[PDB]
Ligand SMILES: C=CC(=O)Nc1ccc(-c2c(-c3ccc(OC)cc3)c3c(N)ncnc3n2C)cc1
Ligand SMILES: N[C@@H](CCC(=O)N[C@@H](CS)C(=O)NCC(=O)O)C(=O)O
């Protein structure tokens, strides 16, 4: 692993704590980092640390390195989980990231189902994530794994995109290759990502529409009752999810535009941000 002093953090100033989540690419633990904020070199900050599991594979390590590099290239934004540092030399690979105390968005929403959530809160949540994707797209980055489970909520109820393990630069896609997009969850995936084996920002817009549906169902599971094996046939025939109850007609029409069959006819993240900003302002 090449040295990157800009992002390197000393191992002796990092103390691992309770585990936060345990998936399949790795594990995440809460930790205390002393001096991670360079202006406060003696203060210990609570952070999250992603590392490999004991049964990790070679691909797991390459995915973790790719995720680290992508978060280095992306840059800083209010609605993106902030990379804080990395332990990469002489020991296990640790990726140190900002700690979001309220967990992922799906559980956050499902827990606040009848501090209950209002319509304004859901619109504000959607606007924040639209902004986050607009910034990502401006950096020529495609997320490819947009979903409520991959959004984190901070103590101040700020929404952060996270889990960049599948994210790629817009030009770093093997177009029309049979293996391309094979590790994307099918119920959040744009049809062309599987029918044509391409991925653009308009594919992310589709996923964002699915994310919107998750948000206004307060954490519902997309395409309820429809197994993955039958979904894509129905999508080819024009099936789309019905309007959630807590949604306005205008927001559902926005979801359906995100789900246009023709990618170029879907809205861009900039248009989504403008429309959501108008809607959120009117709600005041
Ligand atoms: C199965 C695939 C998979 O990775 N799942 C998964 C997704 C998220 C989390 C996760 C994080 C988190 C997210 C991205 C990171 O990037 C290096 C680091 C930590 C986090 C956090 N920073 N603060 C509070 N809670 C958090 N959680 C729960 C754990 C497992
Ligand atoms: N691409 C090389 C290096 C990437 C890497 O870090 N691989 C891990 C597998 S867990 C390793 O220990 N490789 C042995 C080495 O560093 O030469 C490889 O996979 O062998």
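Note that chain A is numbered according to Swiss-Prot, with residues 468-581, 596-765 shown in order.
This entry, so its header tells us, was determined using X-ray crystallography, 2.2 Å.
Even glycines carry a Cβ here, placed using N, Cα and C.
Here Swiss-Prot flags 626 as active site, proton acceptor. The annotation ATP binding site is assigned in Swiss-Prot to 487, 488, 489, 490, 491, 492, 493, 494, 495, 517, 565, 566, 567, 571 on the grounds of experimental evidence. Residues or ranges marked as phosphotyrosine by Swiss-Prot: 656, 657.
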### Message
Tell me which of the binding-site residues 489, 491, 495, 565, 567 ends up closest to residue 626 (active site, proton acceptor) in space, Cα to Cα.
### Response
491
### Query
Looking only at Cβ atoms, how many others are within 10 Å of the one on residue 489 (ATP binding site)?
10
### Task
Pick the one among the recorded positions 565, 626 whose Cβ has the fewest other Cβ atoms within 10 Å in this structure.
565
### Query
Here are the binding-site residues: 487, 491, 495, 567. Which has the lowest count of other Cβ atoms within 10 Å?
491
### Distance in angstrom, CA of residue 581 to CA of residue 596, with 14 unmodelled residues intervening
9
### Message
Out of 487, 489, 491, 495, 567, 657, which recorded positions have CB atoms lying under 6 Å from ligand 1?
### Response
487, 491, 495, 567
